[PDB]
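J.: Sending over a structure as C-alpha cells; questions will come in a sec.
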Amino acid sequence: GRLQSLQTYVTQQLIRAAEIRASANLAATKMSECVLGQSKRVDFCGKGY
Amino acid sequence: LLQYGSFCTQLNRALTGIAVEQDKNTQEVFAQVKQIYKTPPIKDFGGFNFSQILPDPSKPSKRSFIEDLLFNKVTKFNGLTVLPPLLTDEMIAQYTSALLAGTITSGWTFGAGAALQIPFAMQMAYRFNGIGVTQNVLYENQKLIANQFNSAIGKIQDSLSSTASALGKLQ
Amino acid sequence: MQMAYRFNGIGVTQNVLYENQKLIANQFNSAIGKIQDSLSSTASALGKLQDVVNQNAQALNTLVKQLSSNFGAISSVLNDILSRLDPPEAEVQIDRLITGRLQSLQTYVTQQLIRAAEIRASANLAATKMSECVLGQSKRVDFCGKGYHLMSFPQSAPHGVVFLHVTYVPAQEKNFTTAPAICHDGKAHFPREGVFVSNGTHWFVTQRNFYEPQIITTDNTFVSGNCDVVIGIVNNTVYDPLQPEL
Amino acid sequence: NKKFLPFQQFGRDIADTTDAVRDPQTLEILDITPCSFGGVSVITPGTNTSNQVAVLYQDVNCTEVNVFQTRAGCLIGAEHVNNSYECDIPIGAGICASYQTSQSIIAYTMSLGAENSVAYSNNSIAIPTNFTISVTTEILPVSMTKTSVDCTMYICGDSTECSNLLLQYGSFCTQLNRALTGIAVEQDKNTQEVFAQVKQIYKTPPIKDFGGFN
Ligand SMILES: *[C@@H]1O[C@H](CO)[C@@H](O)[C@H](O)[C@H]1NC(C)=O
Ligand SMILES: *[C@@H]1O[C@H](CO)[C@@H](O)[C@H](O)[C@H]1NC(C)=O
Ligand SMILES: *[C@@H]1O[C@H](CO)[C@@H](O)[C@H](O)[C@H]1NC(C)=O
Ligand SMILES: *[C@@H]1O[C@H](CO)[C@@H](O)[C@H](O)[C@H]1NC(C)=O
Ligand SMILES: *[C@@H]1O[C@H](CO)[C@@H](O)[C@H](O)[C@H]1NC(C)=O
Ligand SMILES: *[C@@H]1O[C@H](CO)[C@@H](O)[C@H](O)[C@H]1NC(C)=O
Ligand SMILES: *[C@@H]1O[C@H](CO)[C@@H](O)[C@H](O)[C@H]1NC(C)=O
Ligand SMILES: *[C@@H]1O[C@H](CO)[C@@H](O)[C@H](O)[C@H]1NC(C)=O
Ligand SMILES: *[C@@H]1O[C@H](CO)[C@@H](O)[C@H](O)[C@H]1NC(C)=O
Ligand SMILES: *[C@@H]1O[C@H](CO)[C@@H](O)[C@H](O)[C@H]1NC(C)=O
C-alpha cells in the first residue's frame, strides 16, 4: 500500500513538473520577446500595443 | 524491499531528473545574458522615476521595493529531504538587475551580443515608431508620459501591497 | 537579392550587402568551417539526442530486470512454479508475480506516455521553428538563434533535426554624441528613420545598425513642430537641395 | 520548552508523529529529535580524466568524520577557493565544484558572469560600424523509438495457467497495447508534422552560381 501511494506521488510530481516546464518555456520566450525585444504580436506581452 | 526489485532506484532516478529539470528551467529562464550589467545612478531619464524597480543600495539585499513586497507578501524528516535550489534569490535578483540595466541603457541592442548605449528617450521614440506612432508625439508629450508612467507604477505598488489576489498563482 | 530583402527586413540598407559581399562570403565560409570543427572534434554538443536515447534504454532495461524479481513469491521463473505447485496451490504465487509484473508494466506505460508528451511538445516547437526560422524570416529576438536573424538551414538527425541559424551580429562600435532634433529656422527636424549624430563638426543622420552619415536634409528628415518643446534640440543648418537647383 | 497538561504524557506533531513527550518518572517536557540523516553524494570528474573523488553529504554538517560546510551540507575532499568561477557541476546554494589547480578538486561560489559597467550619458550613443555573420547551432529532438510489448507474453511467458489467471483480470494487456499503439502512431504524426511541409520535391541545378557561397 505504501509503495502504491509513493508511486502515485511520483507520477503526480512528474505531471506537475511537465506543466511547470511548459510554463518555463513560456517565461523564457516572454523574456526573449517582451523584455529583450519589442514584439508586434498582439496580446503576447499583455494587453495593448 | 530487497526482494521487491529495483523500485527505489527508479524512483530516485525520476526525482533526481525532476530536480535536474528544475535547474534547467530556472537556468533557461534567467541565463538570458552572460554579461552582468550595472545601472548607472546618473538619473537623466527625462523625468522617468525608476525608484521602485531599480536595485536599491539603501538595503543590502540588492533588489527593488516591488520584489521585496513579493517576498514579504508570499508565504517531514523521515527522508523527505527538500533539496536546496541552485540559484539563490540574490543571484536571480542580480540577473534581473543586469536585465534592467540593459533595457535602460541598450534597449534591444545588447541582445545581439555587446551592449550599445542609447539615451532612453530615443528608445521610447523607436518603440513608438515600432507600433506606427510617429515619434513626434513622444517629444511633444514627454512629461505627461512621465506622470502616467510613475502613477501607473504607484498603482501597481498599491495593488500588490493592499491586495494579494494576484499571488495565489504561485501558491 | 534574398539577402538584400532580409537586410531590408532587419532595417539595414542593402548597399552594405553589395559593398561587403566577399567579406560576407568569407565570414560565412569560416563559420561553416567552425561548425564542422565543433561537430567533428567536439562530440559533447549532442546531449539532446543521447539523453532521450539513454532514458529510453534505462526504462527498457529496468523493465527487463523486473522479470527476475521474486515479488514475494517462491521463485521468479514461471516454469518452475508450474512444475512444482498444484493448480489450486500455485494461484497465490502466480498472483504475486502477475501483480508485480503488472505494476511494473503500468509504471513503464505511464513513463513512456509522459515522456512522449514532452517529446511531442518539443516536436511542435521544432516544427514551428521549421515553419519560421527556416521557412521564413522572424523578427522574434532569440527565437531563431542569437542576434538579428536572417535565415536558417535544417539538417537530419536520428529522431531529431538540427537548425543552422544564419544570424547577423554587429561587431565594431564607437562612442558618438547625438541629439534628438535639429533646429533650423524655428522648424524642428526629426529623422525619418535613424538618429542625428555629430562626429564633432556637423550633425549627420545615419542608420541604426551600421554607421554611415547621410547629409541631413528635408529628403532625409521629417519636418514638424517648433524649436521649443524638444528637450535636446540643437542648432544646425538643415540642407535644402532646392537652393543650388533654383 | 513546551508545556503539557499535568496528565498529558506525550504528544504528536502536525504530521501525526510523536514529537514531544513527558517522562513517566519525572515531570519534565522533553522532545524527540530525529537523528542525523542525509544523502551520500559523490563529486568527481570522468573516469577518463582522473580518480580523485570528492564526497558530498546532503543537508547536514560534518558530524561523522577539508571540512568545508555550505548551505547544502557537509563537503570534504575539496578545496575552497575565493576566486569565483563559472559553475561546472552544480551542488547547491550557488556553490559548485570543478577540477582546477598540479590540479585537484576545488570548490567555489558560482560567478554569475563577467561584470560590466556599460557607459551612459545624456547624449553619448554607440553605433555599429562593422559586423559579423555568426552561424549558431540548435539541436532539437523530434521523435521517440516506436515500441510495442506483448504484455501477455511478458507476464505469462508460454504458459496456460498464467494465461487463464491473466484472463481473469480483465483487459489490462489490451489497454496497455492500445495506449502504446496510440503512442507509436503519434510518433509518426510528429515526424510528418515536422518534415512533410512541402509536397513538392525540389533540387538544385548543377550550375551552383551562388555568389561565392560554398
Ligand atoms: C521616485 O519616487 C520615490 C517614491 O517611491 C521618491 O522617493 C523619489 O525621490 C522619486 N525620484 C524622483 C527622481 O522623482
Ligand atoms: C566609450 O566610453 C566609455 C567610457 O567609460 C568607455 O568605457 C568605452 O570603451 C568607450 N567606447 C569606445 C568605442 O570608445
Ligand atoms: C566629421 O565628418 C565630416 C564629413 O565630411 C568631416 O569633414 C570632418 O573632418 C569629420 N570630423 C572628424 C573629427 O572626424
Ligand atoms: C545633458 O545632461 C544634463 C544633466 O547633467 C541635462 O540637464 C541636459 O539636458 C543634457 N543635454 C541635453 C542636450 O539633453
Ligand atoms: C539656437 O539659436 C537660437 C537663435 O535662433 C538661440 O536663441 C539659441 O540660444 C540657440 N541654442 C542654443 C542651445 O544656444
Ligand atoms: C581517456 O584517457 C586516455 C588516457 O588514460 C587519454 O589518452 C584519452 O584521450 C582519454 N579519452 C578522451 C576521449 O579524451
Ligand atoms: C552542525 O550545525 C549545528 C547548527 O547549525 C551545530 O549546533 C552543530 O554543532 C554542527 N555540528 C557539526 C559537527 O559541525
Ligand atoms: C579567502 O580570503 C580570505 C580573506 O578575504 C582569507 O582569509 C582566506 O584564507 C581565503 N581563502 C583561502 C582558502 O585561502
Ligand atoms: C570588418 O572586419 C574585417 C576583419 O578582418 C575586416 O577585414 C573588414 O575590412 C572590416 N570592415 C569594416 C567596414 O571595418
Ligand atoms: C567548399 O568547401 C569544401 C570543404 O572545404 C571544399 O572541398 C570545396 O572545394 C569548397 N567549394 C567551394 C566552391 O567553395
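Residue numbers (our numbering), protein chains in the order written: chain A, 1 to 49; chain B, 1 to 171; chain C, 1 to 246; chain D, 1 to 214. Note that beta-carbon positions come from the ideal geometry of N, C-alpha and C, so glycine has one too.
Measure the CB-CB distance between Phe120 of chain B and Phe45 of chain B and report whether it falls below 8 Å.
T.: It is a contact, given that the beta carbons lie within the stated cut-off.
J.: Given that a residue counts as buried once 16 or more other Cβ atoms are within 10 Å of its Cβ, and exposed if not, what is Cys162 of chain D?
T.: So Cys162 of chain D counts as buried.
J.: Verify the CB distance criterion: does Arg63 of chain B have a CB-CB separation below 8 Å to chain A?
T.: Not closer than 8 Å to any Cβ of chain A, the Cβ of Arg63 of chain B fails to qualify, so no.
J.: Around the Cβ of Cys156 of chain D, are there at least 16 other Cβ atoms within 10 angstroms (buried) or fewer (exposed)?
T.: Classification of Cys156 of chain D: buried, given that the 10 Å Cβ count is 16 or more.
J.: Please tell me whether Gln66 of chain C has its Cβ less than 8 Å away from any Cβ of chain B.
T.: Taking Cβ atoms only, chain B reaches closer than 8 Å to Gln66 of chain C, which makes this a yes.
J.: For ligand 7, I want to know if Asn61 of chain D counts as a neighbour, meaning its beta carbon is within less than 7 Å of at least one of the ligand's heavy atoms.
T.: Yes, the beta carbon of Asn61 of chain D sits closer than 7 Å to at least one heavy atom of ligand 7.
J.: At least one CB of chain A closer than 8 Å to the CB of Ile10 of chain C: is that the case?
T.: No, its Cβ sits nowhere closer than 8 Å to a Cβ of chain A.
J.: Does at least one heavy atom of ligand 4 sit under 7 Å from the Cβ of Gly130 of chain B?
T.: Answer for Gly130 of chain B: no, Cβ out of range of ligand 4.
J.: Taking 7 Å as the cut-off, is the CB of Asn175 of chain C close to at least one heavy atom of ligand 3?
T.: No; taking the cut-off as 7 Å, the Cβ of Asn175 of chain C has no heavy atom of ligand 3 nearer than that.
J.: What in chain D is Cβ-close to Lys174 of chain C, meaning under 8 Å?
T.: Near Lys174 of chain C (Cβ distances below 8 Å), the residues of chain D are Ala126, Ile127, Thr129.
J.: What does the Cβ neighbour count give for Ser32 of chain A, buried or exposed, with the cut at 16 atoms within 10 Å?
T.: When all chains shown are included, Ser32 of chain A counts as buried.
J.: Check whether the Cβ of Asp228 of chain C sits closer than 7 Å to any heavy atom of ligand 4, and report yes or no.
T.: It does not: the Cβ of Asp228 of chain C is nowhere closer than 7 Å to a heavy atom of ligand 4.
J.: Let me know the alpha helix (DSSP H) ranges lying completely inside the stretch 8–70 of chain C, each 4 residues or longer, listed in chain order.
T.: As far as the stretch 8–70 of chain C is concerned, its whole alpha helix (DSSP H) runs of at least 4 residues are 15–19, 21–40, 47–65.
J.: Between the beta-carbon of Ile133 of chain D and the beta-carbon of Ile24 of chain C, is there less than 8 Å?
T.: Result yes, Cβ atoms of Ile133 of chain D and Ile24 of chain C sit closer than 8 Å.
J.: I'd like to know whether the C-beta atoms of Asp240 of chain C and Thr221 of chain C end up nearer to each other than 8 Å.
T.: No. Outside cutoff.
J.: Could you compute how far the alpha carbon of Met110 of chain D sits from the alpha carbon of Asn82 of chain D?
T.: Each residue's alpha carbon lies about 11 Å from the other.
J.: For the stretch 15–37 of chain A, enumerate the residues whose C-beta is nearer than 9 Å to any C-beta of chain C, in chain order.
T.: Within the stretch 15–37 of chain A, the qualifying residues are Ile15, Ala18, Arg21, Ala22, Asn25, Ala28, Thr29, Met31, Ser32, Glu33, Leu36, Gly37.
J.: State the CB to CB distance for the pair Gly94 of chain D and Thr81 of chain B, rounded to an integer number of angstroms; the pair is presumed to be in contact (CB under 8 Å).
T.: Rounded, the Cβ-Cβ distance is 19 Å, inconsistent with contact.
J.: For the candidate residues C:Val16, C:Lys48, C:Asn8, whose alpha-carbon lies nearest to that of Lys24 of chain B?
T.: For the residues C:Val16, C:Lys48, C:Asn8, the minimum Cα distance to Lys24 of chain B belongs to C:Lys48.
J.: Per DSSP, which one or two residues make a beta bridge with residue 216 of chain D?
T.: One cannot answer for residue 216 of chain D here, as it falls past the ends of chain D, which runs 1 to 214.
J.: Hey, would you say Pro57 of chain B sits closer than 8 Å to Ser97 of chain B, going by beta carbons?
T.: No, these two residues do not count as a Cβ contact at 8 Å.
J.: Where does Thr181 of chain D fall in DSSP's three states?
T.: Correct three-state label for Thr181 of chain D: helix.
J.: Would you please verify whether the beta carbon of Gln27 of chain C is less than 8 Å from any beta carbon of chain D?
T.: At least one chain D Cβ lies under 8 Å of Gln27 of chain C.
J.: In the DSSP output, what is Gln93 of chain C paired with across the bridge?
T.: Answer by DSSP bridge pairing: none, since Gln93 of chain C is not bridged.
J.: At the 8 Å Cβ level, is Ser161 of chain B part of the contact set with chain C, yes or no?
T.: Judged by the 8 Å Cβ criterion, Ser161 of chain B is not in contact with chain C.
J.: Just list the residues that DSSP pairs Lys174 of chain C with in beta bridges.
T.: Answer by DSSP bridge pairing, in chain order: D:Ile127.
J.: Could you tell me which of D:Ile91, D:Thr160, D:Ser50 sits nearest to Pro84 of chain B, measuring between CA atoms?
T.: For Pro84 of chain B, the nearest C-alpha among the options comes from D:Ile91.
J.: Beta strand (DSSP E) containing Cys183 of chain C: first to last residue?
T.: Unbroken beta strand (DSSP E) run through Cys183 of chain C: 181–183.
J.: State yes or no: is the C-beta of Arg96 of chain C within less than 8 Å of the C-beta of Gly72 of chain C?
T.: Their beta carbons are under 8 Å apart, which means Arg96 of chain C touches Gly72 of chain C by this criterion.
J.: Measure the alpha-carbon distance for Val16 of chain C versus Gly182 of chain D and round it to whole angstroms.
T.: Cα to Cα, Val16 of chain C sits roughly 53 Å from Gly182 of chain D.
J.: Under a Cβ-count criterion, where at least 16 other Cβ atoms within 10 Å of its own Cβ denotes burial, should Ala112 of chain B be classed as buried or exposed?
T.: The residue is buried, with at least 16 neighbouring Cβ atoms inside 10 Å.
J.: Do you know how far the Cα of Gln123 of chain B is from the Cα of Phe163 of chain C?
T.: C-alpha separation (whole angstroms): 32 Å.
J.: With distances taken between CB atoms, is the gap from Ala117 of chain C to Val194 of chain D smaller than 8 Å?
T.: Contact flag unset, no.
J.: In the stretch 107–162 of chain D, which residue ranges form an unbroken beta strand (DSSP E) of at least 3 residues, counting only runs that do not cross its ends?
T.: For the stretch 107–162 of chain D, whole beta strand (DSSP E) runs of length 3 or above, ordered along the chain, are 114–116, 124–132, 135–141.
J.: So the candidates are D:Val118, D:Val21, D:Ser98; which of them puts its Cα closest to the Cα of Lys3 of chain D?
T.: Of the listed residues, the one whose Cα sits closest to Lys3 of chain D is D:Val21.
J.: What does a CB cutoff of less than 6 Å around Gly11 of chain D pick up in its chain, not counting 5 residues either side in sequence?
T.: Counting only Cβ-Cβ distances below 6 Å, and skipping sequence neighbours, we find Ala20.
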